[PDB]
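> Protein chains in written order, with the deposited numbering: chain E, 8 to 376; chain B, 8 to 376; chain C, 149 to 212; chain D, 9 to 52, 101 to 160, 162 to 163, 165 to 228, 237 to 340; chain A, 9 to 52, 101 to 160, 162 to 163, 165 to 228, 237 to 340.
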Amino acid sequence: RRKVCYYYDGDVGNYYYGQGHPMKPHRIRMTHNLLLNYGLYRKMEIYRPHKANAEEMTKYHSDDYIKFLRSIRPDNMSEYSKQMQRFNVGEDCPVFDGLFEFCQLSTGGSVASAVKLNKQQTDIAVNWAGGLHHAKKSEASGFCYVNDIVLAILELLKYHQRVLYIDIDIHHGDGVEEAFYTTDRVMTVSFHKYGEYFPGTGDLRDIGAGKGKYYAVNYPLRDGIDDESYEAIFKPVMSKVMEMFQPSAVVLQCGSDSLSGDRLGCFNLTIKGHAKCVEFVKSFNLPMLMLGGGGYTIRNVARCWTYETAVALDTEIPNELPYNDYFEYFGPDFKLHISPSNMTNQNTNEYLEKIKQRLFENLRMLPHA
Amino acid sequence: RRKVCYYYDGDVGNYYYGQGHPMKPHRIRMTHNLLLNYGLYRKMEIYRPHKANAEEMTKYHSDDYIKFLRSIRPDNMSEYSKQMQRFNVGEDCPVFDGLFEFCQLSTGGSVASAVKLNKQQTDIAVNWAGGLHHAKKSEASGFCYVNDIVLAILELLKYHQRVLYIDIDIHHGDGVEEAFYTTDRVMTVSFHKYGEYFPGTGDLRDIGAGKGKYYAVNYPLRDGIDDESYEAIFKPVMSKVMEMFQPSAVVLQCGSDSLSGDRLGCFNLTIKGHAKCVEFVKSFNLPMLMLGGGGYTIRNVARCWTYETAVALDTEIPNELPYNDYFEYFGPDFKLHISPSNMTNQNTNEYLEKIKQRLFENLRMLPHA
Amino acid sequence: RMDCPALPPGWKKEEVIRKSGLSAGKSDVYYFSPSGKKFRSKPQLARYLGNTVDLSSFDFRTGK
Amino acid sequence: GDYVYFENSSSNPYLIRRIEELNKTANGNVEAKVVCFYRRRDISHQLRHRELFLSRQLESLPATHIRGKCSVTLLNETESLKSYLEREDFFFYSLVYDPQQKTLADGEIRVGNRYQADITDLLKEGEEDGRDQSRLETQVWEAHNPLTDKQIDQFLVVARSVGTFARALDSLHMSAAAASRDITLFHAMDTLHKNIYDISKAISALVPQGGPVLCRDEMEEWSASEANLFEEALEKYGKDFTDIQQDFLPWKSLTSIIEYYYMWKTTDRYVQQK
Amino acid sequence: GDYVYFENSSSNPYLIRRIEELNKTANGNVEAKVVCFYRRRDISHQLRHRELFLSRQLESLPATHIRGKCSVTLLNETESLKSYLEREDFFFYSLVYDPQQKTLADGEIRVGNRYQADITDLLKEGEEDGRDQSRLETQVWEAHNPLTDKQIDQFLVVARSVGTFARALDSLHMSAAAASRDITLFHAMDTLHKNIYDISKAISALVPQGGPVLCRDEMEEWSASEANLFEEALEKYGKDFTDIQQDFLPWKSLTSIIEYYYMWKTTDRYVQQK
Ligand SMILES: O=P(O)(O)O[C@H]1[C@H](OP(=O)(O)O)[C@@H](OP(=O)(O)O)[C@H](OP(=O)(O)O)[C@@H](OP(=O)(O)O)[C@H]1OP(=O)(O)O
Ligand SMILES: O=P(O)(O)O[C@H]1[C@H](OP(=O)(O)O)[C@@H](OP(=O)(O)O)[C@H](OP(=O)(O)O)[C@@H](OP(=O)(O)O)[C@H]1OP(=O)(O)O
Ligand SMILES: [K+]
Ligand SMILES: [K+]
Ligand SMILES: [K+]
Ligand SMILES: [K+]
Ligand SMILES: [Zn+2]
Ligand SMILES: [Zn+2]
């Protein structure tokens, strides 16, 4: 049974994005705490990630974008406003006390774990803080400041010829896509809502460019997708992907805003369905790096990643939530699982099979025997 | 440093002699408990004594005296009254529930320890329950029903040619004396009040009989004896005793009613003085068997034997009494030591030296080179 | 009424707490013969029993 | 149920409509009741050239207005049409449009040096990555221990008991619950790992010199009056935690106020819900 | 200060007195003031033949009454007198006797088969005593342990903490004190010895299956109403513990009532003293 490494820094739950802001880092602390009380903590190798310095963040980002982040504060907020606009820091990506500390922990977790995978001293490595996939080389976007994912992947390329990147998050993983848009060594597959939704990118025809053409897979989706519909379009596509792209290390971003009843999301997935993807990936027995990502009904974010951690340990846990410091957060029910809503699935079988086929064609263009 | 074995059965504190009766077994439990909290318990080998059966009690006593004790109860108290008078069970030796159980524990402790000494697997052995020295072969007397001391000594004779018996108790140790009155193998030395006092025996001229003549030493005393007077007459006499009687095992009865402010006693000794005797004996490095005996101001009985246990371990203890279940018993002071009273010492130097000399003569009659 | 084992068969002792006055809370001790006659002191009890028992060392209060 | 091409009176392309009812009056004049198909402009690109939207707009016009018959197909049937059978007459619909409301069933990726990442070259079989692992992580729990679940569980109970006995030395159930909170447990799992999973050694750690250890989270640790301050600052500044500190709890560090907040949200005496 | 022999008017032995003052009147008659020495009979055997007691009785009688002079020595000086110097004239005193009040400073050993013990013969160098040590004792604490004072001390703290946490699971200071009583400690020292002084093994014993252990002495264990019964039975029957059971607590065993008694005597709310 696969060996799992879990990365966590106690401080991460305590950093705060701002009044009225949906991204709430505290959800990782909630997970952490459930893991301890579900007895899972016990069963995996627990690491505190040291802070990632500007040194390794600039391995992808601008020497003067990170410089800006290292420097900016809420003190000198009116002094910098020039650079604030050039870098996207505001309306939905606030400045906030500790921001750079927050980035260092998220990035440290992902990088440390990548190394751990390259050093071949784990099979799976988990960092729920990480997964922040909207970030760009020279600007912040969609609550993401540093793209820990890219940096993580860049380290893996040192030992792995082909790195597969899978993205479940309801929002299209454009940061990780754009960063690797012109390379054939990394294939970015993404399943997301599309049409009057952020980030506006990742439609059927977004295939890549140059050497990276036919290496950026996307599955655009409308509202209300079931576990059943999602499963029936994830497994086929990913089996082909493995078949064709034949990777040697997987990085699964396990965005939890694709769950039902999310604050920002509009999909109808249950923890069970959501996790079935993690389990399917894990089954392909490749060095795997689970990251988190979005998720804005934190009670369920907690539930999800707690459950999905169990999946990486292939151990059973009861629906009965164990007592914990935040036990009272979990409704009148205090259960682990969520059920789907009456919400209407506007992804007709006809619409999913059209897209599926188009992708199967795209994937066939890769070399094989 | 000498090895010590301590014998105790939790039940012993709970047996009760009767309303208005001075002998209170609970004082041993008080000691036990101090020993634990003074940290001494820790430092010695602690044994629970199994119950001594009629088998080994009849090794000295009547087959039908023990039979009587095994049988008698407060139920059949009016049925037996015939035998009650023949055996002395009444006015100051009540019948009481558990009586025979009590005897078995007191005797078991002394016998087990004697064996332990014979088996050469201890240097000192301590049984505060024991020491009950007024008992006779065919009758109870002075709160004593079974003479554990004799039985103990009888076992020691199996490996030891000469057994010395020393008795500090304020009352003359006539049970142990009478039992060995005609033998030269056991010498019984006793320091006690005399003249209108119990048991009426043990004056200067009580020397023994037959083979046992010049082998029963006695020191008669009046009221109010100091530590200073007592020390100055104990050491000289005992050094001669060792000199002459040359024993190979000592049994020191450490009666605590010779202390100051006893309910029944009228001597003016402090724990310090009282213990100086135990320390002096111990110094002669012989297999030693410390027993208790009388003592009727139980707060001080507790103090004494706790202290004297330390002496057998030659470890220091503070005057500060440690907290314990019965801590509140110990006055406003909560100290270990007692000081002597203004009470007048009617043992003039002239009177002590007369007696001393007479005894030195008696002891000279023994064989030597 | 408790059997007093040190007296002959059938003799009993009872202790009664005073409920009020000068000695509220103190007690009095009584003995009863087998027929139920009540005695209130050592000399009264010794006069009744005569030479059938020796009470010299008998503690009237404790019955021992 | 047929679809027709009506007069466009402006000179422009024909208006398309579905025939709901064909009516002839007494004087033999023929009029038709027709549901309107709206053009994408008129609905006031992913929209194809021949998109038409089925409206809730209903009109009646004489039969002379009809200039031709047409087919407005389903989307699937339009896409299936062969190149030869492609005509002026073929249109399609996939949307219903409310004309009164405006209602309808229910952003660029860049290329260049300033967008893509420089791809890190695969290391030679002789080359080494040169990464100091102690600068990156520090382990907090090994998963392969000489200990069994039972023993760890047991130790956790012990770690809890000490904690309760600790806070008894300066409410019983309260102290026990206090000692049972996660901070104490986490500290118990570290105490194990720091002591190399030696139960006997780890227990010394918990009672260093005969004295127990206390772990209190920000919830338990704050004074009555600090707690009070917080409930005034919240009810007054909402969830603005920098101002809540500046003006109400300036001696506390922001991040401790955050940790407190979340712990306080589960408070019993706390009832914002009904 | 001299001692004299006065007339005995009855014919009997002379009365002895100490001369306090010798007086002569104007007519040359001589009278003496004299403190009486009382004979042992007159003081109304350990008393020797020549015992005399110094009284507080003072009388005055003429000098013609004096028939002889004597010595009334100290006790030590009488006992030191030689056989030749023994006389009718030598007496002694060791007691002061108040004549008015009556106040005064402030049994056989047998021989035979039915008194002495049969002396147990010394065993031969080949003979063995034949004594089964398990039938005589069972060990409860070894004094030479692989453990140090610190570790035992520490374990005792732990044993106490469990106990407090045990009674928290069905007053904080009260439960801790309750758990700190001797019974719990003694049980802690046995738990060690039973587990062969293995700290790690012994701690399992204290938390058998994740659940702690409770040791309660009779003090703590009795119900409120049993405690109540006891304070009625005592105040009513004094310290007569068989009747206290028979009539007040008949479901309890005598020996538990004893153990309770002594523990109760230290009670705080208990104040028999002033
Ligand atoms: O404390 P915050 O991080 O600001 O989040 C709270 C919190 O949501 P979470 O519990 O999911 O963190 C409230 O939930 P409760 O405290 O009521 O359980 C929620 O209230 P509702 O769940 O009733 O919406 C409230 O939302 P709102 O401010 O709209 O009342 C929302 O604050 P934010 O909306 O600022 O995140
Ligand atoms: O409980 P018991 O075994 O019968 O002994 C008590 C007890 O004496 P100890 O404390 O030494 O056992 C009393 O002492 P306190 O409870 O008052 O501390 C004492 O009272 P005094 O010390 O005030 O004399 C009392 O004696 P009495 O009955 O004369 O009041 C005496 O009972 P006994 O005399 O029956 O032994
Ligand atoms: K996605
Ligand atoms: K690509
Ligand atoms: K003696
Ligand atoms: K003798
Ligand atoms: Zn998202
Ligand atoms: Zn005595």
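Here a beta-carbon is modelled for each residue, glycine too, at the ideal position from N, C-alpha and C.
Between the stretch 155-172 of chain B and the stretch 136-145 of chain B, can you find at least three pairs of beta-carbon atoms closer than 8 Å?
yes
> What does A/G304 touch in chain C if you count any residue whose Cβ is under 9 Å from its own?
Here residue 304 of chain A is taken as the residue at index 238 of the fifth sequence, counted from 1. The contacting residues are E163, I165, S175, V177, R209, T210.
> Can you list the residues of chain A that B/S145 reaches, using a CB-CB cut of under 9 Å?
By 1-based counting over the second sequence, the position of residue 145 of chain B is 138. Those are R172, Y173, listed as they occur along chain A.
> Answer with buried or exposed for B/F367, where buried requires no fewer than 16 other C-beta atoms within 10 angstroms of its C-beta.
Along the second sequence, one-based indexing puts residue 367 of chain B at 360. Label assigned to B/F367: exposed.
> Less than 7 Å between the CB of E/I177 and some heavy atom of ligand 7, yes or no?
The count along the first sequence starts at 1 and reaches residue 177 of chain E at position 170. E/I177: yes, Cβ under 7 Å from ligand 7.
> Jot down the residue ranges of each uninterrupted beta strand (DSSP E) in the stretch 268-307 of chain B, minimum 3 residues, whole runs only, in chain order.
295-298
> Residues in the same chain with beta-carbon distance under 6 Å from A/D154, minus the five sequence neighbours each way, listed in chain order, please.
Within the fifth sequence, the letter at position 98 stands for residue 154 of chain A. Taking A/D154 as the centre and dropping the five residues before and after it, the same chain places the C-beta of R112 closer than 6 Å to its C-beta, in chain order.
> Run down chain C in chain order and give the residues with a C-beta less than 7 Å from the C-beta of B/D99.
In the second sequence, counting from the first residue as 1, residue 99 of chain B sits at position 92. Those within 7 Å of B/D99 in chain C are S205.
> Taking the straight line between their C-alpha atoms, what separation do you get for E/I35 and D/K302?
By one-based count along the first sequence, residue 35 of chain E stands at place 28. By one-based count along the fourth sequence, residue 302 of chain D stands at place 236. Near 28 Å, if we compare the C-alpha coordinates of D/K302 and E/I35.
> Does residue 161 of chain D pass the burial test, meaning 16 or more other C-beta atoms within 10 Å, or should it be called exposed?
Within chain D, the sequence of modelled residues goes 160 then 162, so residue 161 of chain D has no position in this structure.
> For a test of your reading of the model: does the CB of A/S289 fall under 7 Å from any non-hydrogen atom of ligand 5? Yes or no.
Indexing the fifth sequence from 1 puts residue 289 of chain A at position 223. Not one heavy atom of ligand 5 lies closer than 7 Å to the C-beta of A/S289.
> Decide if the stretch 190-197 of chain E is in contact with the stretch 277-296 of chain E; the criterion is three or more beta carbon pairs, one per stretch, under 8 Å apart.
no
> In chain order, what are the residues with a CB under 5 Å from some non-hydrogen atom of ligand 6?
Qualifying residues come out as B/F187, B/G215, B/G219, B/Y222, B/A223.
> Is D/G304 near ligand 7 - that is, is its Cβ less than 7 Å away from at least one heavy atom of it?
Here residue 304 of chain D corresponds to residue number 238 of the fourth sequence, with the count starting at 1. No, since every heavy atom of ligand 7 falls outside the 7 Å radius drawn around the Cβ of D/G304.
> Which chain A residues are close to D/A226, counting only those with a beta carbon under 7 Å from its beta carbon?
Within the fourth sequence, numbered from 1, the residue matching residue 226 of chain D stands at position 168. Simply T222, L238, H239, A242.
> Between E/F198 and E/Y226, which are expected to be in contact by the criterion C-beta below 8 Å, what is the C-beta distance as a whole number of angstroms?
Counting from 1 along the first sequence, the entry for residue 198 of chain E is found at position 191. Counting from 1 along the first sequence, the entry for residue 226 of chain E is found at position 219. Sure, about 4 Å apart at Cβ, within 8 Å.
> Whether or not the stretch 69-89 of chain E and the stretch 248-265 of chain D are in contact is what I'm after, with contact meaning three or more pairs of Cβ atoms, one per stretch, closer than 8 Å; do they touch?
no
> I'd like the list of long-range same chain contacts for B/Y333, defined as Cβ closer than 7 Å, with 5 residues on each side in sequence excluded.
Within the second sequence, numbered from 1, the residue matching residue 333 of chain B stands at position 326. Contacts found: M37, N40.
> For the beta strand (DSSP E) that contains D/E142, what are its first and last residues?
Sequence index remark: in the fourth sequence, residue 142 of chain D carries index 86 (1-based). Neither: D/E142 is in no beta strand (DSSP E) and is coded neither H nor E.
> Under DSSP, the beta strand (DSSP E) around E/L163 begins and ends at which residues?
As a working note, residue 163 of chain E is residue 156 in the first sequence. Looking at the DSSP string, E/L163 is not in any beta strand (DSSP E); the run it does join, the alpha helix (DSSP H), is 155-163.
> Name the DSSP bridge partner or partners of C/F180?
Counted from its first residue, the third sequence places residue 180 of chain C at position 32. C/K160, C/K186, per the DSSP bridge assignment.
> Can you check DSSP and say which residues form a bridge with A/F147?
The residue labelled residue 147 of chain A in the question sits at position 91 within the fifth sequence. Bridge partners of A/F147: A/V128.
> Using CA atoms only, rank isn't needed, just tell me which of E/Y336, E/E335, E/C311 is closest to E/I324.
Stepping through the first sequence from its first residue, residue 324 of chain E is reached at position 317. Per the Cα distances, E/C311.
> Any beta carbon of chain E sitting closer than 8 Å to that of D/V198?
Translated into the one-based positions of the fourth sequence, residue 198 of chain D becomes position 140. At least one CB atom of chain E sits nearer than 8 Å to the CB of D/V198.
> Is the stretch 40-50 of chain B in contact with the stretch 126-134 of chain B, if contact means three or more CB pairs nearer than 8 Å?
Between the stretch 40-50 of chain B and the stretch 126-134 of chain B there are fewer than three inter-stretch CB-CB distances shorter than 8 Å, so the stretches are not counted as touching.
> Do the stretch 274-293 of chain A and the stretch 205-221 of chain D meet, that is, are 3 or more Cβ pairs less than 8 Å apart?
yes
> Once the 5 residues before and after E/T189 are set aside, which same chain residues still bring their CB inside 7 Å of it?
Here residue 189 of chain E corresponds to residue number 182 of the first sequence, with the count starting at 1. Taken in chain order, the residues that qualify are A216, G217, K218, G219.
> So B/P347 packs on B/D233, CB below 8 Å; how close in whole Å?
By 1-based counting over the second sequence, the position of residue 347 of chain B is 340. By 1-based counting over the second sequence, the position of residue 233 of chain B is 226. Their Cβ separation, rounded to whole angstroms, is 7 Å, which keeps B/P347 and B/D233 in contact under 8 Å.
> Does chain A have any CB closer than 8 Å to the CB of B/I278?
Within the second sequence, numbered from 1, the residue matching residue 278 of chain B stands at position 271. B/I278 is outside the set of residues whose beta carbon lies under 8 Å from a beta carbon in chain A.
> Taking a Cβ distance cut-off of 9 Å, strictly less, list which residues of the stretch 312-336 of chain B are near chain A, in chain order.
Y330, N331, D332, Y333, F334, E335, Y336
> Taking only beta-carbon positions, decide if D/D211 is within less than 8 Å of chain A.
As a working note, residue 211 of chain D is residue 153 in the fourth sequence. D/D211 counts as touching chain A.
> So with CB distances below 8 Å, who are the chain C contacts of A/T206?
Along the fifth sequence, read from residue 1 onward, the residue named residue 206 of chain A stands at position 148. In chain order: nothing, as chain C lies at least about 49 Å away.
> Report buried or exposed for A/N20, applying the criterion of at least 16 other Cβ atoms within 10 angstroms of its Cβ.
Residue numbering aside, residue 20 of chain A sits at position 12 when the fifth sequence is read from its first letter. Burial call: exposed.
> Quick check: is any heavy atom of ligand 7 less than 7 Å from the C-beta of E/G182?
On the first sequence, position 175 is the one that residue 182 of chain E refers to. Outside the cutoff, so no.
> Considering only C-alpha positions, which residue in the set A/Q311, A/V198, A/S289 is nearest to A/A299?
Residue 299 of chain A sits at position 233 when you count from the first residue of the fifth sequence. When each option's Cα is compared against that of A/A299, the closest is A/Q311.
> How big is the Cα-Cα spacing for B/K58 and B/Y15?
Locating residue 58 of chain B in the second sequence gives position 51, counting from the first residue. Locating residue 15 of chain B in the second sequence gives position 8, counting from the first residue. Those two C-alpha atoms are separated by around 11 Å.
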